[PDB]
Amino acid sequence: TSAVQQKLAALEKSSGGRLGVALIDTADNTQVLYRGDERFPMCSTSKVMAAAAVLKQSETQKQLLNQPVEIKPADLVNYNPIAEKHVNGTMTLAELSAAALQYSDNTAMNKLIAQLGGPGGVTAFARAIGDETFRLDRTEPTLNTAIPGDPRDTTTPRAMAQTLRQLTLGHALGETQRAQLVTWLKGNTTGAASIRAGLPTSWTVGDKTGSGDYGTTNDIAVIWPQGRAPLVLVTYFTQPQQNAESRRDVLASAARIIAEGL
Ligand SMILES: O=c1c2c3c(sc2ncn1Cc1nnn[nH]1)CCCC3
Ligand SMILES: O=c1c2c3c(sc2ncn1Cc1nnn[nH]1)CCCC3
Ligand SMILES: O=c1c2c3c(sc2ncn1Cc1nnn[nH]1)CCCC3
């Protein structure tokens, strides 16, 4: 047990919930884990895997990202900030990917899932890039039920950090697709209260947040600190009662402990 792990345990104890952290420092490939092999509900952090799977398909189909997808009134779910503007119209797969990642649009996520053939097509892409842990079992919005002990729609911090590294800094995607994913993550609108809030302001972050039942509050990030190689950091948090409040501050606190330990 490291000093960082003891601080994360103290943060977790004060929070009342269950915290999972995985850091990869690409300067030396070392890792810091807290509950790194426990499962957590992904909520909207799963949008990264779905967008990446579509990017992989686009490597052999130069026009795929320009393909229009119909949006019907019945397609709207519980949070559709972009898709609702296009009801009875279309959005391209690029527009759906950008809306899912940067606004957390759940209708857009469902269109990405459908393009991949269903939740299992997202899982299949995960397996193809070496992630044996990720599983997507449901569409939006039911993938956010976040029931303690339920394996559906979960991963572990260790697995998600490794996958996020391979997708954004490694070679799981082609070069232009990796750059597109990084551009999308860096343009996220939803992240300033989460990992980013615990890191030095001069550092550059791309991230995807998640929120669900059981007060589940998540963030997965690639970080370009000032003066050193990039980091990958995932922070997952879930709570004992179904109606628990969101706790983005806990993720900021975990990120700050990680940063102070570098
Ligand atoms: O007992 C508490 C408590 C209590 C709290 S917080 C706390 N923290 C540590 N500890 C010490 C401990 N030893 N074994 N498990 N926990 C609220 C009221 C009940 C007792
Ligand atoms: O969807 C939400 C949301 C949303 C919120 S809070 C919330 N809580 C539970 N749920 C899940 C739910 N509870 N009952 N039916 N579904 C704000 C953005 C839009 C979606
Ligand atoms: O914010 C929520 C929420 C919230 C809920 S559910 C939900 N679903 C999506 N979204 C949008 C989202 N952004 N990043 N991941 N998901 C309960 C209270 C706190 C906010």
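Refer to the structure printed above.
Residues numbered from 1 in each chain as written, not as in the entry; some residues may be left out. Chains lettered and ligands numbered in written order. Heavy atoms only, no water.

Caption draft 1: Summary view of the packing of helix 2 (residues 47–58) against helix 5 (residues 119–128). Packing of helix 2 against helix 5 leaves a shortest axis separation of 9 Å and a crossing angle of 75 degrees. Here helix 5 runs roughly perpendicular to helix 2, going by the angle between their axes. Taken together, the residues of helix 5 that come into contact with helix 2 (itself represented by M49, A50, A52, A53 and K56) are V122, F125 and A126. (Axes fitted to C-alpha atoms, helices over the stretch in contact; angles between N-to-C directions. Helix = DSSP H or I, 4+ residues; strand = E, 2+ residues; numbered from the N terminus. Parallel < 35°, antiparallel > 145°, perpendicular 65-115°, else oblique. Contact = heavy atoms within 4.5 Å.)

Caption draft 2: Fine view of the packing of aromatic side chains. One pass over the full model with this rule turns up one aromatic pair. Between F40 and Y236, the ring centres sit 6.0 Å apart and the planes meet at 50 degrees, which makes this aromatic pair tilted. Of this pair, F40 sits in strand 3 (residues 40–41) while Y236 sits in strand 9 (residues 231–238), and the two are 196 residues apart along the sequence. Sitting over the ring of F40, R18 keeps its end group 4.1 Å from the ring centre. Above the plane of the ring of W224 lies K186, whose end atom (NZ or CZ) is 4.5 Å from the centre. (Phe/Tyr/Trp six-rings, centres within 6.5 Å; stacked < 30°, edge-to-face > 60°. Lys NZ or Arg CZ within 6 Å of the ring centre and 35° of its normal.)

Caption draft 3: Examining unusual backbone geometry more closely. With omega at 5 degrees, the peptide bond leading from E140 into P141 counts as cis. Mapping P141 onto the fold places it in the loop between helix 5 and strand 6 (154–155). For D153, which is not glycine, the phi dihedral falls at a positive 60 degrees. One can find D153 in the loop between helix 5 and strand 6.

Caption draft 4: Spatial organisation of the site of ligand 3. Close to ligand 3 lie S44, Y79, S104, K208, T209, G210, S211 and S246. Separating a nitrogen atom of ligand 3 from a side-chain N or O atom of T209 is a distance of 2.7 Å. When ligand 3 sits alone it has 430 Å² of accessible area, and the protein chains cover 59% of it. The pocket occupied by ligand 3, as judged from atoms lying within 2 Å of grid points, is the largest pocket. Taken together, the residues of the shell around ligand 3 break down into one nonpolar, six polar and one charged. (Near = heavy atom within 4 Å. Polar contact = N/O pair within 3.5 Å; in protein donor to acceptor, adjacent residues only side chain to side chain. Areas by Shrake-Rupley, 256 points an atom, 1.4 Å probe, with all protein chains shown as cover. 1 Å grid on protein atoms, 1.4 Å probe; cavity = no way out; pocket = protein on both sides within 12 Å on 5 of 7 lines; lining within 4 Å. Sits in = over half its atoms within 2 Å of the grid points. Nonpolar A, V, L, I, M, F, W, Y, C, P; charged D, E, K, R; others polar.)

That's the geometry; what it means functionally is another story.
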